[PDB]
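One chain is shown next in structure tokens, namely the form deposited in one PDB entry.
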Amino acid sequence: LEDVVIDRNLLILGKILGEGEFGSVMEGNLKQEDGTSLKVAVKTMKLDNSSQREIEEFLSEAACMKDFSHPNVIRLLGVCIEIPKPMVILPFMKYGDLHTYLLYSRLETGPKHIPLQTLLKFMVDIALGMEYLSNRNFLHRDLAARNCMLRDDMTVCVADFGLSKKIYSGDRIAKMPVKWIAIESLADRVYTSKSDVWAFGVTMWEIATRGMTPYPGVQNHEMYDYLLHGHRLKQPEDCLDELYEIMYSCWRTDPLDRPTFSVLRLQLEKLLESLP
């Protein structure tokens, strides 16, 4: 019930880390039951109305995510209701998203050059997190490197995921940009765990290229026709053939032909095991 709700008095909101359509993300402090405070990320949201049905739906979503348990899945510590202003509390991650971390590594003052072993371990972590969610039949619908967060121990965790299990007709579906959206999802208002697998392949590619924008030289508006002619992301210069084969398998036309996250995870783990 209200075991997801944290008393607002236990929260201190700090500097705004970033803003968007959904609202703002702030750095904060959460006083725990044990009397000690913890650094957190607070995401301010907008409820459609001052409705009990609206507020109950927010709490049911929060309780669902709060019950998730995986080291490669971002944890929800709880929610606050400050007109009612809903807020989501997550443990703060100083390293931020994987995408900016990859670009920073290409600069001196930024993290040291990430070796291939570390890049593959970033993928394995995402695959592990995706395996968890998709075994519970949860659909992500926003998988990209920009929505993957780095923990202090450098393990990657999946964030910004949906809490639905099936996509209903079309009355959007994939929240991520066109270049991460599966061919079937571009063609129809359709989305499965296999469409999430397509995004995983695109994310693996962003990781292997260290933050490069997918499909260089191809416009967003020409993506569906580009893929429809059988064109896929090209192999990076600094990329093992075995790794390229794994990511290419994520983009097979028929979603049924693409591997499940559990298949992918083992493929990647075996590749990592074979390297020094």
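Throughout, we count residues from 1 along the sequence that is shown. In this text, rigid core is short for the largest set of C-alphas that superpose within 1.5 Å between two forms.
One more form of this protein exists, namely the form deposited in another entry; it is left out here, but the text below deals with it.
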Fill in: Single mover in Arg189, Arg75, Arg151, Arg106, with Cα shift of 2 Å or more between this form and the one not shown when the core is superposed
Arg189
Worksheet entry | C-alpha of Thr213 off by 2 Å or more between this form and the one not shown on rigid core | no
Fill in: Per-residue C-alpha change between this form and the one not shown, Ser37, threshold 2 Å, rigid core fit
yes
Discussion item. Using a rigid core superposition, assess whether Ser164 undergoes a CA shift of 2 Å or more between this form and the one not shown.
Written reply: yes
Worksheet entry | in the other form, whether the C-alpha atoms of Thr260 and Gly162 sit closer or farther than here (change of 3 Å or more) | farther
Worksheet item: Out of closer and farther, which fits the Cα atoms of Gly162 and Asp257 in the other form compared with this form, where the change is 3 Å or more?
Response: farther
